[PDB]
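Student:
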Amino acid sequence: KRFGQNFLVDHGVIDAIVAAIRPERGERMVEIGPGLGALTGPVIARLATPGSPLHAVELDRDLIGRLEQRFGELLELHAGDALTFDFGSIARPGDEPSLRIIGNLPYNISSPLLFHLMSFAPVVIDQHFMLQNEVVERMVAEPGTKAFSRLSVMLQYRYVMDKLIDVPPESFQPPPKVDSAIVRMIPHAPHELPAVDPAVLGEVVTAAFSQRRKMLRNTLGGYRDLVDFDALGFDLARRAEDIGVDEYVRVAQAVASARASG
Numbered sequence: 014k015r016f017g018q019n020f021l022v023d024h025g026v027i028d029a030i031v032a033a034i035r036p037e038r039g040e041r042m043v044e045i046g047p048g049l050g051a052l053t054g055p056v057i058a059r060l061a062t063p064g065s066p067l068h069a070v071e072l073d074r075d076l077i078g079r080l081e082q083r084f085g086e087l088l089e090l091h092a093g094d095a096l097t098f099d100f101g102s103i104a105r106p107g108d109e110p111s112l113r114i115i116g117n118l119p120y121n122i123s124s125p126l127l128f129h130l131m132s133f134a135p136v137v138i139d140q141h142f143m144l145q146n147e148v149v150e151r152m153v154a155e156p157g158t159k160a161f162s163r164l165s166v167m168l169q170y171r172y173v174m175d176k177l178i179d180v181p182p183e184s185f186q187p188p189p190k191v192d193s194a195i196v197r198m199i200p201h202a203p204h205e206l207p208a209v210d211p212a213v214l215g216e217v218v219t220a221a222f223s224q225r226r227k228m229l230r231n232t233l234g235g236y237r238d239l240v241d242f243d244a245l246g247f248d249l250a251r252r253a254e255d256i257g258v259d260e261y262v263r264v265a266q267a268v269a270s271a272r273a274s275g
């Protein structure tokens, strides 16, 4: 649970995070949750020039005034909740992906925000976040492992992801009681995504993860009239938490096929 504010202060860790991101001049980048500017400053130093600011999203008026005072027109801050922000508004015109996203997300907002950002994946070059280690473990989790979840499946479907750096509590003033980590996310290109209707994948994953520790025979039981998964060789004695992204794609392909006409 977020208790007050925890600001990153260790200079070595800050510089390591910047080296992982590799912000460069010419890049369109937005930072979510700049805090007191621990990453904002170093990123601006590498990436911002007059006419090409670093973008940021923040709601706290005290933090906004402090940032604008410190960085002036090198920062372009969009005042509001990131969870309700149309990130599309700050992509460059054109068909090529153009937006780099970075930030530091508290625990509560991590899942909702990661899900919100999925709709902007086509205009996104990459994402780098500082999150609690528990969250990062879930994003990159293998099937059947303690941390494997709905989030793991939907993000692994859409992005290539890598845990890059461990960030211990002493990195922060005051230190929290949790470990953190930096994770990179790169959206698959359209031709690299599996041939599946993402709406049907979402539907299936939502059903399975209703109770991730129960047998699929129960949690995909709403599909039992439509598709006989057992007849197709899919073992329904397994649980949602045991099944990989590739298998979920196959289930969704089976469901779409069962519904097909023409």
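What the sequence shown shows, in the deposited numbering, is residues 14 to 275, in sequence order.
Beta carbons are placed, not taken as given, at the ideal position from N, Cα and C, and that holds for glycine.
Rounded to whole angstroms, what is the Cα-Cα separation between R226 and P156?
Tutor: 12 angstroms
Student: Could you tell me the alpha carbon to alpha carbon distance between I34 and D94, rounded to whole angstroms?
Tutor: Each residue's Cα considered, the two are about 23 angstroms apart.
Student: Nearest CA to the CA of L88: which residue from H201, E44, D73 and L72?
Tutor: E44
Student: Among all the DSSP beta bridges, which residues are the ones paired with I115?
Tutor: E44 and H141
Student: Leaving out the 5 sequence neighbours to the left and right, which residues in its chain are closer than 7 angstroms to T62 when beta-carbon positions are compared?
Tutor: Excluding sequence neighbours, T62 sits near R38.
Student: Whole angstroms are fine: how far does the CA of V153 sit from the CA of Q169?
Tutor: 8 angstroms
Student: Since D175 sits in a beta bridge, which residues does DSSP pair it with?
Tutor: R197
Student: Pull up the distance between the alpha-carbon of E71 and that of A244, whole angstroms please.
Tutor: 52 angstroms
Student: Where do the N-terminal and C-terminal ends of the alpha helix (DSSP H) with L126 fall, by residue?
Tutor: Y120 to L130
Student: Could you tell me which of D255, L126, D108 and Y120 sits nearest to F98, measuring between CA atoms?
Tutor: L126
Student: Which value, in whole angstroms, describes the spacing of the CA atoms of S132 and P200?
Tutor: 11 angstroms
Student: Quick one: what's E71 bridged to in DSSP?
Tutor: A92
Student: My guess is that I77 and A92 are in contact by the Cβ rule of under 8 angstroms, so how many angstroms apart are they, rounded?
Tutor: 6 angstroms
Student: Helix, strand or coil: which one does DSSP assign to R252?
Tutor: Residue state, collapsed to three classes: strand.
Student: Kindly indicate which residue of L177, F222, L49 and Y261 has the alpha-carbon position closest to the one of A32.
Tutor: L177
Student: Taking 9 angstroms as the threshold (C-beta atoms), are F100 and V149 in contact?
Tutor: no
Student: With respect to the alpha helix (DSSP H) encompassing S270, which residues constitute its N-terminal and C-terminal limits?
Tutor: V258 to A271
Student: According to DSSP, is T62 part of a helix, a strand, or is it coil?
Tutor: strand
Student: Run through the DSSP bridge pairs and tell me what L21 is partnered with.
Tutor: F185
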